[PDB]
Structure formats: structure tokens, C-alpha cells
Number of protein chains: 4
Amino acid sequence: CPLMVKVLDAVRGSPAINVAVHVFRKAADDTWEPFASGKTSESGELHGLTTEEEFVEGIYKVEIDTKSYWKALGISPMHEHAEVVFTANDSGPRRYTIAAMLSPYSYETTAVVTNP
Amino acid sequence: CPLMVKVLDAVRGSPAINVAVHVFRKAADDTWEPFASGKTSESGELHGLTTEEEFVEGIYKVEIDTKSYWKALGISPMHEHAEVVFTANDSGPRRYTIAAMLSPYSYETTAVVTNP
Amino acid sequence: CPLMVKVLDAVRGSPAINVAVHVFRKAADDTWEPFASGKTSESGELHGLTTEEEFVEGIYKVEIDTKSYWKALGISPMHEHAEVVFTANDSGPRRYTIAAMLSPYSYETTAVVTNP
Amino acid sequence: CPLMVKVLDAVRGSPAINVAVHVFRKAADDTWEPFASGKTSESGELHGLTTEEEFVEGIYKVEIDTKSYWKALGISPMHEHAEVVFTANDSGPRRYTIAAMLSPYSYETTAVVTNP
């Protein structure tokens with residue numbers, strides 16, 4: 001798993017289950033090329049987005065669609081969405097975990113990088 | 001001041017001085033219309049972005065260009081930039097403060113809303 | 001103002017008004033000596049805690065009593081309180097702002113340091 | 001594992017390896033009774049702190065000793081330590097994950113609660 005996404009609901013203190021996550025890769029011609037997508041599991045984690053073969057060097061955008069998750073919980077949020085736009089494998093491949101804590105008014109993201 | 005932006009350097013624990021900030025307003029035809037821009041002052045704050053007359057209801061994007069600020073401090077960051085995309089004045093006008101704590105690998109944003 | 005405290009309610013996205021704040025200074029004999037205290041104002045800020053004469057070098061604890069603030073809003077929180085324990089004026093006097101974002105389950109603090 | 005602790009180094013974007021963690025349980029006579037302790041592993045996680053039999057209802061303090069971890073990395077930090085003081089099993093037993101993102105000047109904690 002070269003890329004994992006984990007989402008927490010910071011208001012309720014619990015994993016954010018079934019949040020949509022889309023990943024894009026910046027193309028040669030400056031456009032956002034769709035790369036992979038999925039939904040967080042009951043642990044708040046999304047595995048299997050990509051492979052070590054597919055996950056090349058690049059600029060990657062991770063869009064987490066928070067708006068609809070709050071609606072299932074009866075909330076209208078402030079942020080439309082959350083984004084993490086980071087450069088990947090710039091110096092050889094890494095394992096990346098994009099971590100997101102959400103709220104109706106705040107959000108942290110962190111890119112946690114390790115090696116295999 | 002219906003809209004203020006404040007940026008902190010969470011690594012050094014100090015205001016983030018002279019960071020570029022661009023604000024856009026989602027247009028009728030789904031495009032990001034440029035709205036206002038500026039640079040943070042020595043307190044890390046950016047005032048005078050807009051007026052109560054200009055700052056209508058809408059979906060607004062605040063782009064904080066972190067990448068170049070780290071370069072002036074000798075750092076290559078992970079995130080290309082930071083964004084806050086929020087809906088404004090949805091229920092009458094408010095005062096908004098978008099607050100940003102930055103790092104080479106993490107970032108919080110919060111939308112702090114009050115009335116006049 | 002060598003020491004300022006600012007508290008935000010990260011759940012509601014607004015200043016945290018009338019939160020109790022106690023500051024202690026580590027004494028010579030390892031004990032927490034009471035130093036100053038107050039309540040946040042309508043901006044979420046607490047000014048006038050101390051003076052440049054009184055605010056000597058030391059280890060200082062800032063206790064923010066979150067539990068009772070949530071009760072006034074009908075909430076039972078997870079954290080009993082929030083604390084920031086930091087060393088001050090270690091290399092000459094500074095201005096310190098202790099910043100706190102709260103929630104029933106999460107909390108950031110940051111020590112933001114500047115000079116006069 | 002009714003109680004797990006995970007620590008991230010938010011400055012370097014990586015797990016915080018071999019951080020000391022002490023847990024205390026508030027005793028009947030208002031004192032902090034030592035409960036369990038350990039060191040984070042290479043993933044930044046600390047497992048096996050306690051058992052479902054030992055981890056009763058109570059007020060628990062988790063002390064993460066950040067100061068010495070920065071020293072191994074050549075840093076003098078601002079915060080002496082990080083603490084999370086939370087009430088546990090108040091309404092039946094839960095699984096708790098205390099999550100910590102650290103820095104020389106900032107720190108988040110979150111209590112992430114789930115059921116088995």
C-alpha cells in the first residue's frame with residue numbers, strides 16, 4: 001500500500017466511515033488527471049487505492065468529500081470539502097498516509113511518510 | 001472587515017509574515033472568479049481584503065501559497081499550498097476569519113465566524 | 001502584554017467566551033505556584049494576565065478549564081481540561097500567545113512567540 | 001487492546017519512534033495513581049498498555065514525554081510535555097485511541113473512541 005487515507009470525525013471522536021475520497025494526478029498538460037478513488041471503511045481507513053507500479057512520481061491531489069458525510073449525520077458544514085495537494089516519490093518511492101481530522105468548521109491534514 | 005486571514009508558522013511558533021493569499025468567488029458558470037488578494041503583515045494577519053458591499057453571498061476559495069514562504073526560510077515543503085473553500089453569508093452577512101497553521105507536512109485551517 | 005491567551009471553540013467555529021484560565025509558575029521547590037488567572041472576553045481573548053515586571057523566566061502552566069464551558073452549552077466533554085506547560089523568557093523576555101482550539105474530543109494548543 | 005497511544009512527529013511527517021508514555025489513574029483520594037507505561041514502536045504506536053480486566057472506569061492521565069524525543073533529534077522544544085486527561089468507560093467499556101501530533105511549539109491530541 002503505497003498510499004493510504006485515514007479520516008477522523010474530530011467532533012464525535014470516531015473514525016469517519018464511508019467518506020468518499022478521490023485522488024488525482026497532475027498531468028503533463030497542467031490538468032488534474034483522475035487517478036483513484038474509494039470510500040473509508042469502518043476504521044476510517046481507505047486501503048488499496050493504488051499499486052507500487054501505478055503510483056509514480058508526481059503531484060497528487062486528494063479530495064475528501066466531507067459535505068455529504070455530515071449530511072448523513074444531520075449537519076450542514078462550513079467547508080465544502082477537504083484537500084491535500086502534495087508531491088510524491090520526488091526522491092524515490094515512499095509510503096504515504098494522508099490523515100484527515102474533520103469538523104463542520106476546522107480541518108487538519110497531515111502527510112505521514114515512511115519507507116519500505 | 002468582513003473577511004480576515006491569519007497565518008501561523010506552526011514549526012517556528014510565530015506569525016507567518018508576507019505570505020501570499022488569493023481569494024476567489026465561485027461564479028454562476030461554475031468557475032473560480034478572482035475576488036481579492038494580499039500578503040500577511042508582520043502579525044501574520046491580512047486585513048482589508050474586501051468590503052461589506054463587495055463581500056456578497058457565495059462560495060469562496062482562499063488559496064494560501066505556502067510553498068514560496070518555506071523557500072525564503074530554506075525549506076522544501078510537502079504541501080504545494082493550503083486551501084479553505086467555504087460558503088459565506090449563507091444566512092445573512094457575517095465576519096469571517098480564516099485561520100491557518102502551517103508546517104512542511106501538516107496544516108490546520110479554521111473558519112471562525114462572528115457577527116457585527 | 002507579555003502573556004495573552006486565546007481560546008476558540010472549534011466545533012462551533014467561534015471565540016470561546018468566558019472560559020476560565022489559570023496560570024501557574026513552577027516554584028524552586030518543584031511545586032506549581034499560582035501566578036495569574038482570568039476569563040476570556042467576547043473575542044475569546046484574555047489580556048492583562050501579568051506585567052513585564054512580574055513575568056520572569058520560568059516554567060509556566062496554563063490550565064484552561066474546558067469542562068464547565070461545554071456544560072453552559074449543554075455538552076459533556078471527553079477531556080477534563082486543557083494544559084500548556086512551557087518554558088518562558090529562557091533567552092530574554094518574549095511576548096507569548098498561548099492559542100487553544102477546543103472540542104469535546106480534540107484540542108490543539110500552540111505557543112506563538114514574538115519580540116517587542 | 002482497550003487503550004492504544006499513537007504519536008506523530010508533525011514537523012517531519014513521520015511516526016514518533018520510542019517516545020515514553022506514562023498512564024495514570026485518578027485514585028479515590030484525588031491523587032494520580034500510576035497505571036501503565038511504555039514506549040512507541042517504529043509505527044509510532046504503543047500497544048499492550050493494559051487489559052480489559054485492569055482498565056476500569058475512571059479519570060486517566062496520559063503523559064507523553066516529548067522533551068527527550070526532540071533532544072535525540074537535536075531540538076530544544078517549547079512544551080515540556082503533552083498530556084491528555086480524559087474520563088474512561090463512563091458508560092460501559094470502550095476502546096480508546098489517544099492520538100498525538102507533536103511539534104516544538106504546537107500539539108494536537110484526540111481521543112478516538114469505538115466499541116468492540
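Ideal geometry is used to build each Cβ from the backbone, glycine not excepted, and the neighbour counts take in all protein chains shown. Here, each number is a calculation from the coordinates, and none is a lab measurement.
See the values below:
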| item | result |
| --- | --- |
| Relative contact order for the stretch C:1-100, counting Cα pairs under 8 Å that sit 6 or more residues apart, in percent | 34 |
| Cα-projected label distance for residue A:90 with residue A:68, points at 7 Å along beta-carbon direction, nm | 3.2 |
| Inter-copy separations for residue D:90, label at 7 Å along Cα-Cβ, nm, ascending | 2.9, 3.5, 4.3 |
| Calculated from backbone phi, Karplus (6.51, -1.76, 1.60) coupling profile of the stretch A:11-18 in Hz, x at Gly/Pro | 6, 9, x, 7, x, 9, 9, 6 |
| Vicinal HN-Hα couplings computed from phi for the stretch B:95-108 (Karplus, 6.51 cos²θ - 1.76 cosθ + 1.60; Hz; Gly/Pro x) | 9, 10, 10, 8, 10, 10, 9, 10, 6, x, 10, 10, 6, 8 |
| Label 7 Å beyond Cα on the Cβ vector: residue C:116 copy-to-copy distances, nm | 3.1, 5.5, 5.6 |
| Integer Hz, Karplus 6.51/-1.76/1.60 couplings in order for the stretch D:73-88, x for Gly and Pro | 9, x, 10, 9, x, 8, 5, 5, 8, 10, 9, 10, 10, 9, 8, 10 |
| Other protein chain Cβ atoms within 10 Å, averaged over every residue that makes up D:91-101 | 2 |
| Unit charges on C-beta of K, R, D, E only; dipole of the protein assembly as shown, Debye | 0 |
| Length gained when the stretch residue A:37-residue A:114 is fully extended (0.36 nm per residue, less Cα-Cα span) | 25.5 nm |
| Copies compared at residue B:39 - label distances in nm, ascending, label defined 7 Å from Cα in the Cβ direction | 4.3, 4.8, 4.8 |
| Peptide A:74-86 - average C-beta neighbours from other chains (10 Å radius) | 5 |
| Pairs beyond 22 Å (Cα-Cα), from A:6/A:67; C:26/D:67; A:6/A:61; C:61/D:6 | C:61/D:6 |
| For the protein assembly as shown, alpha-carbon Rg relative to the globular expectation (2.2 N^0.38 Å, N residues) | 0.96 |
| Coordinate range along principal axes, alpha carbons of chain C, Å, largest first | 42, 31, 20 |
| Computed FRET value (nearest 0.05) for residue D:47 with residue B:53, which takes r as the C-beta separation and R₀ as 41 Å | 0.10 |
| Considering only the protein assembly as shown, percent of DSSP beta bridges that pair antiparallel, nearest 5 | 80 |
| The stretch D:32-79-the stretch B:1-32 distance, computed between alpha-carbon centres (Å) | 36 |
| Identity and axial distance of the chain A residue whose Cβ lies nearest the axis relating A to C, Å | A:11, 3 |
